[PDB]
Structures are given as C-alpha cells and as structure tokens.
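One structure is given here, and the rest of the page talks about it.
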Amino acid sequence: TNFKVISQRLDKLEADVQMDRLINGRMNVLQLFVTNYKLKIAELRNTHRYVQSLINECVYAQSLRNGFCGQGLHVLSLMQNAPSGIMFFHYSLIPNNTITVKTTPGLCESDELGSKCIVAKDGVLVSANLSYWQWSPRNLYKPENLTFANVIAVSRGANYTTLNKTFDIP
Amino acid sequence: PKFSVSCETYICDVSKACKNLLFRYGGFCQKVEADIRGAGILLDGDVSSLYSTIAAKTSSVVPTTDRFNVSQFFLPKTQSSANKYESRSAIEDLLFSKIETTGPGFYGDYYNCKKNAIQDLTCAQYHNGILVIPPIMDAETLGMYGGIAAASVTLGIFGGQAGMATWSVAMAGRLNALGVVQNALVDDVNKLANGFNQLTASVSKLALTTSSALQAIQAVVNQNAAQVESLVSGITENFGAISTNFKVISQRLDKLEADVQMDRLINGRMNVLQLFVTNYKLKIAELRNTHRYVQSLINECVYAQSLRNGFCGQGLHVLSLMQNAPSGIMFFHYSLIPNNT
Amino acid sequence: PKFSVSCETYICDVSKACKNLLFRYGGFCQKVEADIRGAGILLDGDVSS
Amino acid sequence: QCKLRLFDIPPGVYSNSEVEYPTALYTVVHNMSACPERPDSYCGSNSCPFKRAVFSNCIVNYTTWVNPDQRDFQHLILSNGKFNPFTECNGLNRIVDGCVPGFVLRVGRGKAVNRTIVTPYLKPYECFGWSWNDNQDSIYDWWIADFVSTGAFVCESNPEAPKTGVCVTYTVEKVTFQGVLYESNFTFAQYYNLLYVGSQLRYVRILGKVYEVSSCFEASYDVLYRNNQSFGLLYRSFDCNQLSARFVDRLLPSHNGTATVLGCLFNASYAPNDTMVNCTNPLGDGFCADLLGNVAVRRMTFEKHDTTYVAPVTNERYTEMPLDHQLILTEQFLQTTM
Ligand SMILES: *[C@@H]1O[C@H](CO)[C@@H](O[C@@H]2O[C@H](CO)[C@@H](O[C@@H]3O[C@H](CO)[C@@H](O)[C@H](O)[C@@H]3O)[C@H](O)[C@H]2NC(C)=O)[C@H](O)[C@H]1NC(C)=O
Ligand SMILES: *[C@@H]1O[C@H](CO)[C@@H](O[C@@H]2O[C@H](CO)[C@@H](O)[C@H](O)[C@H]2NC(C)=O)[C@H](O)[C@H]1NC(C)=O
Ligand SMILES: *[C@@H]1O[C@H](CO)[C@@H](O[C@@H]2O[C@H](CO)[C@@H](O)[C@H](O)[C@H]2NC(C)=O)[C@H](O)[C@H]1NC(C)=O
Ligand SMILES: *[C@@H]1O[C@H](CO)[C@@H](O)[C@H](O)[C@H]1NC(C)=O
Ligand SMILES: *[C@@H]1O[C@H](CO)[C@@H](O)[C@H](O)[C@H]1NC(C)=O
Ligand SMILES: *[C@@H]1O[C@H](CO)[C@@H](O)[C@H](O)[C@H]1NC(C)=O
C-alpha cells in the first residue's frame with residue numbers, strides 16, 4: 001500500500017500498472033460512498049415533506065384525515081427524538097364491542113306536512129328494539145331518554161319516522 | 001422481487017484460483033451481500049405495513065349490488081368444484097394479459113409463471129448464484145378482494161357502521177352528500193349505474209399505445225427485464241480477456257499476462273454486479289415514499305370519503321376501488337365533472 | 001433537460017479499432033442507451049400529468 | 001456455520017446454500033485424426049534442410065518424440081507429470097498440459113561439447129526443448145514449436161459423449177455454464193455449436209449430437225433451522241411433482257418431498273390451512289416458518305382494521321354501533337438526519 005515502495009522495487013512497466021490498481025481500487029470505494037450518500041439525501045427530501053405534515057396536522061392540530069395519525073379516532077400525538085430521526089406516538093380509540101340498533105334521521109308526530117318534527121342535537125337517534133326512541137353519541141352507543149335541550153325542533157326532511165303520538169317533551 | 005446473491009459464485013464460479021484474488025479487494029463480497037439483504041429487509045417492511053392497511057373489516061351481511069356490476073368486474077371469479085382456483089378478478093386478468101413480456105429470457109419465464117398461476121407450482125429461479133425469491137405477500141398471485149389479507153369492497157361507501165341494505169341505497173346517499181340530488185329516485189341511481197357499468201367494460205378495450213396507465217405498468221416490466229438481462233450478459237463475455245475460464249487463462253499464459261487478464265474478468269464482473277446493487281437500492285429508496293402515498297389513497301379515497309380537491313381524481317368523488325396490477329396496485333376513481341352550465 | 005446519448009461516439013469517436021473493443025464488454029452500449037431513454041420516458045410522463 | 005460465521009446458530013431461515021457438481025472441459029467438440037511424427041533430425045549426404053511438421057487438429061502421443069531408452073531424455077522431467085517437451089518458453093506459459101494452439105515444428109541436431117546446451121533467442125510464440133539422441137556419445141536433438149495460429153487445438157484423447165441427466169459445470173467452446181443435458185431432435189445451423197434463445201444457452205452440439213441445456217434445479221436450498229438435530233429443507237426452485245443421495249444421508253425419506261408453491265419441502269410439515277398472526281420467520285408469498293415445537297410451514301394473516309368514516313343515515317334502518325373503545329398506541333419512526 002506504499003507508493004514509494006512499489007516504484008522503488010519494480011520496473012516502470014510493473015510499477016505503473018500496480019499503481020493503477022491501488023488508485024483505481026481506492027477511487028471505487030470513495031465513489032461508492034458518494035453514490036450511497038446522495039441516494040440517502042434524495043430519499044430524505046421527500047421524507048421531510050412527510051414529517052412536516054405529521055407535525056402540523058397530527059401533533060399541532062386535530063386532523064380530519066382517515067388513518068393519517070394512526071387508525072381510529074385520534075386523541076393525541078406526541079413526538080420524541082430517536083437515533084437519527086424522529087418518533088411519533090399516536091393515541092387512538094378503536095371499537096371493541098358492537099351492538100345492532102335501529103336508527104332514523106328524525107321523528108315526526110304525524111305524517112302530514114306541517115307536523116312538529118325533531119332531530120337529534122350533537123348525536124344520533126337510536127332505539128335498540130324498544131317501543132320508544134333514545135339519544136346516543138354518534139360514535140358510541142350510550143343511550144339517554146329524549147329531553148328538551150337534547151333534540152332540535154325542525155321542519156321535516158327526507159323520510160323521517162312517524163310516531164303517530166305526541167312527544168313527551170313539554 | 002427479492003433477490004439473494006452469492007457474490008463468489010457469480011464472479012469466481014468454482015475456481016479456487018479466482019477466489020483467492022477476490023480476497024484482495026477491499027471487502028467487496030461482504031458489501032454486496034449486506035446491501036441486498038438490507039434492501040430486502042426494507043422492502044419486506046413496507047409491504048407488511050401496506051397489507052396491514054389493505055386488510056379491512058367486512059360486514060357479515062353482504063349488501064346486494066343491484067345493477068352495479070361489481071362482482072363481475074372486481075370480485076374474484078367464483079371458484080368451481082374443480083382444480084381451477086382463479087384467485088384474480090376479471091379486471092386483474094385483463095391487466096396481466098394486455099401487458100406484454102419483452103421476449104424470451106429469464107424474466108419472461110418468471111413473468112409467465114405468475115401470469116399463468118398454476119396451483120402449487122414454484123416460480124422461484126436460480127441461475128449462477130442469483131435466486132429470485134417472492135416477497136412477503138406477493139400481490140401478483142393474489143386477488144385484492146379475496147383471501148386472507150382481503151380488502152373490503154364496502155368499507156368506503158357503506159362506511160364504518162354497517163347496516164344499509166343495497167348499493168342503490170348507498171349510492172343514493174352518496175349523491176345527496178355530493179350535493180347533486182336532494183332525494184334520489186330509481187332513475188337517478190340507474191343513470192349512475194349505467195355510467196359505472198359502461199366505464200368499467202371499457203377497461204377491456206384499453207390499448208397500450210393510448211392508455212397512460214398501461215404504459216406505466218409496461219415501463220416497470222421493461223426495466224425489470226433490462227436489469228436481469230444486464231446481469232446475464234455479464235457472465236457470457238470476456239472483458240478483454242481471452243476466455244471465461246480461470247484455469248485456462250493461467251495454464252496458457254505467463255504469470256504477468258495471466259494476472260492482468262484475470263484482473264479483467266474480475267474487474268469486469270464486479271462492475272456488473274455493483275451496477276445491479278445500485279439500481280436495486282435506487283428502486284427501494286424510491287418506493288419508501290411511494291408507499292406513504294399508496295397508504296394515503298387507501299385510507300382516504302378507498303376506505304373513506306375525502307375532502308381534498310383533486311386527490312381522488314378530478315371532480316365530485318363517488319367511488320374508488322382498487323385492483324392488483326403487475327408489480328403494483330391500480331386505483332379506479334369515479335367522479336362527476338360538470339357538462340353543461 | 002432530456003438527453004440523448006450515443007455511447008459509441010462518446011467513447012470510441014471514429015476509431016474502428018476502439019469500436020471492436022467495446023464489443024467485448026458485457027452489453028455496455030445497449031445498457032446506457034436503454035437507461036437514458038427509459039428515464040426520459042418517466043420524466044415525460046410526470047411533466048405531462 | 002462457515003456460511004454464517006457463527007458457532008451457536010439461532011433458529012431462523014437461512015437461504016441460498018449451494019451444492020457442488022463435477023467439471024467437464026471441452027476444447028473441441030468433434031473427434032480428430034492422429035498427428036504426424038518427428039522427422040528424426042538426421043540428414044543423408046552431409047547437410048540438408050531439416051524436415052518440418054505441421055501439427056493441427058490431431059492427437060499428439062506420449063513420448064514418441066524421444067528414443068525409447070529412459071536415461072537420456074530425463075533432463076526434461078519435472079515431477080510425476082513429466083511429459084514436457086519444452087525448456088524455456090517465449091512468451092507463453094511453459095507447462096504443456098491439455099491443449100496447445102496448433103504449432104509448426106522444426107527439428108535439429110548438433111554435437112554436444114562441455115555437456116552444456118545453449119539457448120537460442122526466441123521470438124514470442126516460439127518455445128523449444130532438446131533431448132539426447134545418444135547420451136554417452138553426446139549428440140543432442142532438439143525441436144522448436146512455432147505457434148502460427150491461435151485456435152487450431154491439437155489435443156490428446158478425442159472427447160466422448162457426455163452424461164445426460166446430471167448437473168455438471170460444462171465448458172464448451174470458451175463458454176462455461178452449468179446444467180444438465182438431454183438428447184434432442186432439434187437441428188440448427190452447421191456454422192454454430194452453441195445456440196441462444198435470447199441470452200440463455202439452450203442447445204449444445206457435441207460429437208454431432210444436439211443436447212438441450214436445462215438448468216439444474218437442485219443447486220440451492222434454504223434451511224429451516226431449529227437446532228442441531230431438527231431442521232427442515234426447502235428447495236425454492238425445484239418442482240417435485242414427479243421425480244437424491246444428498247438427502248438420504250441427512251434425514252429419513254429419500255423421496256417424499258412435498259410440492260408447494262414455495263418449492264420442494266423436505267422433513268417439514270406443510271399446513272396451508274393453519275394461520276399465524278405474528279410471523280417472526282417469513283418464507284415469502286404469504287407463508288411462515290414455525291420453529292417452536294418442530295418444523296412446520298403455515299400461512300400468514302393480518303389483523304383487520306376499520307375506518308372512521310360513517311355513512312350518514314337517510315332513512316330508518318339498522319346500524320352497528322360500538323359499545324366501547326380500546327385505546328391503542330402506534331409508534332411511527334421516520335429518519336430525518338445523517
Ligand atoms: C335488534 O333487532 C335486530 C333485528 O331482529 C337484531 O339484529 C339481528 O340479529 C340476529 C342475531 O345475531 C342476526 O342473525 C344472525 O346472523 C348471523 C350472520 O348471518 C348468523 O350467523 C346467526 O346465526 C344469526 O342468523 C341478524 O342478522 C340481525 N339482523 C340484522 C338486520 O342485522 C339485533 O340484534 C337486535 N338488537 C338488540 C340490541 O336486541
Ligand atoms: C326513559 O323513558 C322510558 C319511557 O319514556 C321510561 O320507561 C318507563 O319506566 C317506568 C319505570 O322506570 C315504567 O313504569 C314505564 O312503564 C316505562 N315506560 C315504557 C314505555 O316502557 C324510563 O324509565 C326512562 N328512564 C329514565 C332514566 O328516565
Ligand atoms: C351488467 O350486468 C347485467 C346482468 O348480468 C348485464 O345484463 C345482461 O346481459 C346479458 C348479455 O350477455 C343478457 O343475456 C342478459 O339478459 C342481461 N341481463 C339483464 C338483467 O339485463 C349487463 O350487460 C351488464 N352490463 C355491462 C355493461 O357489462
Ligand atoms: C301513522 O298513521 C298513518 C295515518 O293513519 C298511517 O298511514 C301510518 O301507517 C301510521 N304509522 C305507524 C308507524 O303507525
Ligand atoms: C428428519 O426426519 C427424521 C425422521 O426420523 C428425523 O431425523 C428428524 O425428525 C428430522 N430432522 C432431522 C434434522 O433429521
Ligand atoms: C384446508 O386445505 C385443504 C387443501 O388445501 C382444503 O381442501 C380444505 O378445505 C381446507 N380446510 C379449511 C378448513 O380451510
């Protein structure tokens with residue numbers, strides 16, 4: 001590996017084809033370094049545009065994109081340093097047990113145009129195979145009876161459900 | 001396709017005279033195997049997270065497709081009581097047949113094994129120390145809407161809380177959410193079903209000279225086969241030497257000429273193998289971010305209704321479905337664009 | 001900018017003595033032109049979309 | 001161990017272990033005639049031009065360039081391989097074993113004084129030796145070979161028909177390759193002995209017989225390793241639908257390889273029904289290597305997820321609503337720096 005020794009031990013035909021082996025050998029190792037290094041920069045140009053979207057939309061806001069901050073209803077995202085990068089911790093609520101219930105866009109007293117109708121306020125109308133309707137939050141079955149300041153008094157709409165009764169809400 | 005490369009057998013086939021001279025190069029054989037095995041890990045990491053996104057919950061009560069011909073075009077073709085398990089759909093079979101293979105060779109034999117899909121038949125191949133291993137899930141054998149990692153056809157338009165009865169009821173409420181019909185009757189939905197059916201039967205008439213989606217599949221098939229052929233052309237030719245046998249070169253010339261012509265086969269073959277590894281890592285580094293784009297189109301176009309302009313195609317987004325293509329995935333986007341004003 | 005590369009003229013300009021020795025390398029001139037033309041296709045696909 | 005560079009191998013799947021096969025080197029693919037002799041280097045009257053011989057496409061014979069006495073010529077003896085008619089070579093490699101490119105030979109004779117025999121200067125591709133006509137009288141005969149052509153290929157022992165049905169790394173007409181051969185009724189052009197379909201060698205022609213080249217499918221295997229006395233073998237490129245001594249001296253059945261979509265499986269269980277949800281040993285194409293009780297090949301499966309999209313309710317119907325939720329945690333790593 002010494003360039004003086006190679007040229008002071010051989011003739012100038014052999015000491016110039018064996019100095020073209022150290023040099024051509026070392027030029028390849030250095031060139032393969034530079035190609036693999038530029039291959040990593042060109043990959044991280046676009047990985048940075050993905051990291052900046054997860055900071056602005058998962059960590060510093062509440063996002064409306066399905067599956068972007070992990071699967072499920074997004075509660076919280078926090079972020080930590082890792083060796084040579086960043087690690088995101090995503091916390092989400094996924095469903096566990098289910099239940100089949102009846103549901104409707106809203107309720108009307110009679111099937112004539114001009115009857116009093118209700119829809120639910122901030123949730124859904126459910127029944128669970130009962131003779132009377134109930135209120136639940138829209139992503140969890142947790143039923144409540146119907147009340148003033150729990151429903152909204154509206155006009156009709158496309159296909160509300162008729163009770164042929166009057167509402168118990170005074 | 002994953003590869004497994006034995007560096008010594010490619011370069012210095014059985015010659016012990018050759019294997020002594022590879023030892024003088026500065027960790028070459030260790031470096032080639034560490035990069036193939038390292039890039040095969042990253043590809044198995046991305047395909048595994050992809051099929052954890054494709055795998056979705058389906059209803060126990062399957063809704064009927066009224067006049068939408070979904071099960072004809074997208075669902076796997078209904079298996080007979082015989083030895084014909086065609087796991088692909090009708091579109092997935094049309095996408096493999098319209099893509100031509102390049103010519104006879106080693107990638108053409110590999111591609112036709114996947115296209116034929118004969119039951120319990122291996123498609124792996126070995127030549128000269130280079131094995132072609134299937135990846136962790138191997139989409140080219142599967143159907144998207146059937147099997148163990150099966151996608152849900154209904155999760156994107158019936159949504160996460162199941163219960164709507166038919167596709168006519170589902171597409172009626174999607175037209176209401178798009179703001180085009182207040183209450184959809186049967187003639188408004190049948191007009192949507194006829195347009196859906198004619199646009200999907202028109203996929204059968206795609207030509208590779210006109211369709212920009214088939215040209216993208218053909219560009220992947222042409223660059224896979226040009227890469228295999230550089231790796232097979234690298235061991236049928238001397239690189240300035242007198243032959244390709246390392247014993248013959250050293251038993252015919254003196255030890256000054258039989259060591260500059262063994263540095264031509266070896267330096268010649270080390271370049272073909274190194275250019276393979278660089279082009280292979282260049283494709284892995286590209287697909288790291290293409291996978292983050294595929295996972296967004298599955299979660300927001302196919303399994304939800306999106307509010308992003310132009311993301312699921314141009315216009316008011318009705319539906320997106322997804323099929324397997326040769327070496328990738330194909331999304332079908334259906335949208336309403338305005339016509340008269 | 002797109003490129004169009006003739007591999008023989010770059011390496012072995014007019015010398016027929018040189019063009020015989022490029023023939024011994026393992027499909028080099030075919031490989032360089034297939035990669036330039038292949039990368040010029042992908043760039044024309046992206047600019048068109 | 002020598003492939004993995006370990007002494008205590010942990011359980012895993014270890015790929016692309018290879019199998020050795022014989023070697024068959026053919027310099028020429030057709031039989032030849034016999035060579036001429038040497039012209040004895042003796043002249044009639046006083047002195048005449050020494051007779052030459054052209055050696056090409058023939059079979060030189062053993063030690064028929066010296067006198068049958070085994071004392072005189074022994075200065076051209078090197079080792080147990082001793083049939084070497086050259087002394088100093090220019091500039092080709094001196095030892096003659098195998099084949100040489102078809103020289104022209106001229107002989108001669110001279111009186112030996114001082115018991116020392118001198119070297120005339122050589123142009124390249126001229127190599128010479130000298131023997132004794134008679135040693136106690138000190139008269140030596142010599143011969144120089146002038147390789148006028150490259151590729152005439154004077155060779156001993158005309159080549160013979162190869163063995164059809166065994167993998168062996170051939171070398172036929174400057175092209176070395178590996179595979180098996182079989183008899184064919186395919187005929188191609190007489191200009192060529194080798195034939196390519198695309199870029200792979202498909203036919204060879206040896207002694208006028210055409211052999212179709214096939215790839216030998218058992219050159220590579222994976223090990224489904226569990227411990228010293230329990231492992232399984234998978235030949236990823238071999239099709240054992242129909243049709244071995246390497247495996248009779250490792251494990252019990254000669255035959256009884258299972259034909260899978262992954263390859264031919266040996267001394268491992270194939271259970272395509274059963275599924276695993278955590279695959280720590282993937283095989284490819286949807287399969288998993290279970291290496292915990294014994295060796296078994298099962299199917300991979302994935303846990304199914306849901307969506308936060310809820311389709312809005314436009315008429316009275318049934319809906320499937322959740323009763324409770326599970327809090328999960330998802331770690332996502334992304335590389336940002338070098
Ligand atoms: C409220 O009433 C509805 C309607 O009666 C109940 O839904 C029904 O529940 C049954 C019992 O699970 C379901 O039948 C089952 O179907 C599966 C799959 O086909 C089968 O394996 C079972 O053997 C059984 O046949 C039925 O599909 C379902 N009906 C609908 C329209 O979904 C519901 O459970 C009731 N809810 C409560 C809280 O009582
Ligand atoms: C919610 O409302 C229902 C009906 O409006 C109530 O059900 C009644 O419960 C009482 C005793 O709890 C019974 O005597 C009635 O016969 C029930 N009516 C019907 C129609 O079943 C229910 O108790 C209410 N729950 C709460 C917490 O107020
Ligand atoms: C969508 O599916 C329907 C139902 O299979 C197709 O209608 C049938 O077409 C065949 C032609 O081979 C006729 O023999 C049947 O009488 C038709 N049935 C009905 C109910 O109309 C329809 O052609 C399909 N549409 C497209 C575009 O493929
Ligand atoms: C409500 O009353 C109307 C008018 O008599 C009747 O047509 C309808 O069927 C009734 N619906 C129910 C649910 O009782
Ligand atoms: C192979 O099968 C034989 C059956 O006796 C037995 O040695 C063992 O169960 C298997 N594995 C190995 C490594 O021998
Ligand atoms: C198990 O696999 C066999 C053959 O692959 C098949 O015939 C059988 O129906 C399968 N059984 C189950 C329960 O999937």
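Residue names in the structure tokens use chain letters A, B, ... in the order shown, residue numbers from 1 in each chain, and ligand numbers from 1 in the order shown.
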
| request: Could you give me, as a list in words, every polymer residue with an atom at most 9 Å away from an atom of ligand 2, counting only C-alpha atoms and all ligand atoms? | output: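 With only C-alpha atoms and all ligand atoms and a cut-off of 9 Å, ligand 2 is contacted by residues 130, 131, 132, 133, 134, 144, 145, 146 and 168 of chain A.
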
Output of the above residues as a PDB file, in the first residue's frame, restricted to N, CA, C and O atoms:
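Full text of again-v2.pdb as output:
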ATOM      1  N   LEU A 130     -86.815  -1.164  20.982  1.00  0.00           N
ATOM      2  CA  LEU A 130     -87.706  -0.764  22.051  1.00  0.00           C
ATOM      3  C   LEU A 130     -88.924  -0.087  21.454  1.00  0.00           C
ATOM      4  O   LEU A 130     -88.971   0.232  20.267  1.00  0.00           O
ATOM      5  N   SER A 131     -89.909   0.155  22.304  1.00  0.00           N
ATOM      6  CA  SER A 131     -91.108   0.857  21.886  1.00  0.00           C
ATOM      7  C   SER A 131     -90.923   2.364  21.841  1.00  0.00           C
ATOM      8  O   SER A 131     -91.821   3.065  21.375  1.00  0.00           O
ATOM      9  N   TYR A 132     -89.784   2.877  22.290  1.00  0.00           N
ATOM     10  CA  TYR A 132     -89.557   4.311  22.342  1.00  0.00           C
ATOM     11  C   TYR A 132     -88.129   4.609  21.912  1.00  0.00           C
ATOM     12  O   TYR A 132     -87.237   3.773  22.044  1.00  0.00           O
ATOM     13  N   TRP A 133     -87.923   5.817  21.413  1.00  0.00           N
ATOM     14  CA  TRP A 133     -86.649   6.225  20.847  1.00  0.00           C
ATOM     15  C   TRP A 133     -85.752   6.883  21.889  1.00  0.00           C
ATOM     16  O   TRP A 133     -86.203   7.381  22.916  1.00  0.00           O
ATOM     17  N   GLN A 134     -84.454   6.894  21.604  1.00  0.00           N
ATOM     18  CA  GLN A 134     -83.471   7.400  22.546  1.00  0.00           C
ATOM     19  C   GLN A 134     -82.369   8.151  21.810  1.00  0.00           C
ATOM     20  O   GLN A 134     -82.301   8.141  20.584  1.00  0.00           O
ATOM     21  N   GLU A 144     -79.631   7.734  26.143  1.00  0.00           N
ATOM     22  CA  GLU A 144     -80.339   8.642  27.033  1.00  0.00           C
ATOM     23  C   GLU A 144     -81.757   8.833  26.518  1.00  0.00           C
ATOM     24  O   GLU A 144     -82.014   8.729  25.323  1.00  0.00           O
ATOM     25  N   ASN A 145     -82.685   9.107  27.430  1.00  0.00           N
ATOM     26  CA  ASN A 145     -84.037   9.489  27.039  1.00  0.00           C
ATOM     27  C   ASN A 145     -84.060  10.862  26.376  1.00  0.00           C
ATOM     28  O   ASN A 145     -83.153  11.675  26.532  1.00  0.00           O
ATOM     29  N   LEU A 146     -85.139  11.130  25.655  1.00  0.00           N
ATOM     30  CA  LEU A 146     -85.236  12.369  24.906  1.00  0.00           C
ATOM     31  C   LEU A 146     -85.765  13.474  25.809  1.00  0.00           C
ATOM     32  O   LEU A 146     -86.608  13.233  26.675  1.00  0.00           O
ATOM     33  N   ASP A 168     -93.234  13.421  24.484  1.00  0.00           N
ATOM     34  CA  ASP A 168     -93.346  13.630  25.922  1.00  0.00           C
ATOM     35  C   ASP A 168     -92.650  14.900  26.386  1.00  0.00           C
ATOM     36  O   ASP A 168     -92.857  15.311  27.531  1.00  0.00           O
TER      37      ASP A 168
END

Once you count only C-alpha atoms and all ligand atoms, which residues end up within 6 Å of ligand 3, and could you hand them over as an mmCIF file with N, CA and C atoms, in the first residue's frame?
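What landed in selection.cif:
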data_model
loop_
_atom_site.group_PDB
_atom_site.id
_atom_site.type_symbol
_atom_site.label_atom_id
_atom_site.label_comp_id
_atom_site.auth_asym_id
_atom_site.auth_seq_id
_atom_site.Cartn_x
_atom_site.Cartn_y
_atom_site.Cartn_z
ATOM 1 N N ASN B 69 -72.407 -3.674 -11.585
ATOM 2 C CA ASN B 69 -71.815 -4.983 -11.847
ATOM 3 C C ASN B 69 -70.452 -5.070 -11.172
ATOM 4 N N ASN B 197 -71.187 0.994 -15.286
ATOM 5 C CA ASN B 197 -71.004 -0.278 -15.972
ATOM 6 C C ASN B 197 -70.319 -0.096 -17.316
ATOM 7 N N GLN B 198 -70.629 0.987 -18.026
ATOM 8 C CA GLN B 198 -70.018 1.198 -19.331
ATOM 9 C C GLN B 198 -68.570 1.618 -19.196
ATOM 10 N N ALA B 201 -66.593 -1.687 -18.358
ATOM 11 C CA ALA B 201 -66.469 -2.572 -19.508
ATOM 12 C C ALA B 201 -65.554 -1.988 -20.568
#

| Those of segment 53-274 of chain B in DSSP helix (DSSP H, G or I), formatted as a ChimeraX atom specification | /B:53-54,70-73,90-97,106-116,139-141,167-177,186-205,212-235,246-250,262-274

| said: How would you report the residues lying within 8 Å of ligand 5, as a ChimeraX atom specification, if you count only C-alpha atoms and all ligand atoms? | reply: /D:228-232,250-253,267-268

How close does chain C get to chain B? List, as a tab-separated table, each residue of chain C within 10 Å, its nearest atom pair and the distance in Å to one decimal, counting only C-alpha atoms.
residue	atom	partner	partner_atom	distance
C:21	CA	B:240	CA	7.4
C:22	CA	B:239	CA	8.9
C:23	CA	B:239	CA	9.0
C:24	CA	B:239	CA	5.4
C:25	CA	B:239	CA	5.0
C:26	CA	B:234	CA	5.0
C:27	CA	B:233	CA	6.3
C:28	CA	B:230	CA	8.5
C:30	CA	B:230	CA	9.2
C:31	CA	B:230	CA	7.3
C:34	CA	B:226	CA	8.0
C:35	CA	B:223	CA	8.5
C:38	CA	B:219	CA	7.7
C:39	CA	B:219	CA	9.8
C:41	CA	B:219	CA	8.5
C:42	CA	B:219	CA	8.2
C:45	CA	B:212	CA	8.2
C:49	CA	B:212	CA	9.7

| query | Could you write out as a ChimeraX atom specification the residues of chain D within 7 Å of chain B, counting only C-alpha atoms? | reply | /D:16,91-93,174-176,197-200,236-237,239,259-263,282,284-286,301-302,304-311,314,317-321

| task | Could the residues that lie within 10 Å of ligand 6, counting only C-alpha atoms and all ligand atoms, be listed as a list in words? | result |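 These are the residues that qualify: residues 120 of chain B; 270, 271, 272, 273 and 274 of chain D.
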
| field | Selection within 6 Å of ligand 4 by only C-alpha atoms and all ligand atoms, output as a ChimeraX atom specification | value | /A:162-164

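Nearest residue to ligand 1 among A:161, A:139, A:103, A:115 is A:103, counting only C-alpha atoms and all ligand atoms.
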
| task | Could you please extract the residues within 6 Å of ligand 1, counting only C-alpha atoms and all ligand atoms, and hand them back as an MDAnalysis selection string? | result | (chainID A and resid 100:101 128:129) or (chainID B and resid 60)

Go ahead and write the selection's residues with C-alpha atoms as an mmCIF file, in the first residue's frame.
data_model
loop_
_atom_site.group_PDB
_atom_site.id
_atom_site.type_symbol
_atom_site.label_atom_id
_atom_site.label_comp_id
_atom_site.auth_asym_id
_atom_site.auth_seq_id
_atom_site.Cartn_x
_atom_site.Cartn_y
_atom_site.Cartn_z
ATOM 1 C CA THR A 100 -77.080 -3.537 16.331
ATOM 2 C CA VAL A 101 -79.773 -0.906 16.917
ATOM 3 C CA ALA A 128 -82.383 -0.812 20.421
ATOM 4 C CA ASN A 129 -85.599 -2.649 19.524
ATOM 5 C CA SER B 60 -71.292 -10.302 7.962
#

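We find atom CA of residue 157 of chain D and atom CA of residue 51 of chain D to be spaced 26.4 Å apart.
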
Give me the residues of chain A that have any atom at most 8 Å from an atom of chain D; for each, the nearest atom pair and the distance in Å, rounded to one decimal. Use only C-alpha atoms, sort by chain and number, and format it as a Markdown table.
| residue | atom | partner | partner_atom | distance |
| --- | --- | --- | --- | --- |
| A:44 | CA | D:336 | CA | 6.7 |
| A:47 | CA | D:336 | CA | 7.4 |
| A:48 | CA | D:336 | CA | 6.7 |
| A:51 | CA | D:334 | CA | 7.4 |
| A:66 | CA | D:308 | CA | 6.2 |
| A:67 | CA | D:307 | CA | 7.6 |
| A:70 | CA | D:330 | CA | 6.4 |
| A:71 | CA | D:307 | CA | 7.4 |
| A:72 | CA | D:308 | CA | 6.0 |
| A:73 | CA | D:308 | CA | 6.6 |
| A:82 | CA | D:333 | CA | 8.0 |
| A:84 | CA | D:337 | CA | 5.4 |
| A:85 | CA | D:335 | CA | 4.0 |
| A:86 | CA | D:334 | CA | 5.6 |
| A:87 | CA | D:333 | CA | 4.6 |
| A:88 | CA | D:332 | CA | 5.2 |
| A:89 | CA | D:331 | CA | 4.8 |
| A:90 | CA | D:330 | CA | 4.9 |
| A:91 | CA | D:329 | CA | 4.9 |
| A:92 | CA | D:328 | CA | 5.5 |
| A:93 | CA | D:327 | CA | 4.7 |
| A:94 | CA | D:326 | CA | 5.3 |
| A:95 | CA | D:325 | CA | 4.4 |
| A:96 | CA | D:325 | CA | 5.1 |
| A:97 | CA | D:323 | CA | 5.1 |
| A:98 | CA | D:322 | CA | 4.0 |
| A:99 | CA | D:321 | CA | 5.4 |
| A:100 | CA | D:320 | CA | 4.4 |
| A:101 | CA | D:318 | CA | 5.5 |
| A:102 | CA | D:318 | CA | 4.4 |
| A:103 | CA | D:316 | CA | 5.7 |
| A:104 | CA | D:316 | CA | 4.3 |
| A:105 | CA | D:314 | CA | 5.8 |
| A:139 | CA | D:322 | CA | 7.0 |
| A:140 | CA | D:322 | CA | 5.4 |
| A:141 | CA | D:323 | CA | 5.4 |
| A:142 | CA | D:323 | CA | 7.5 |
| A:158 | CA | D:314 | CA | 6.9 |
| A:159 | CA | D:315 | CA | 5.8 |
| A:160 | CA | D:315 | CA | 6.9 |
| A:161 | CA | D:316 | CA | 7.0 |
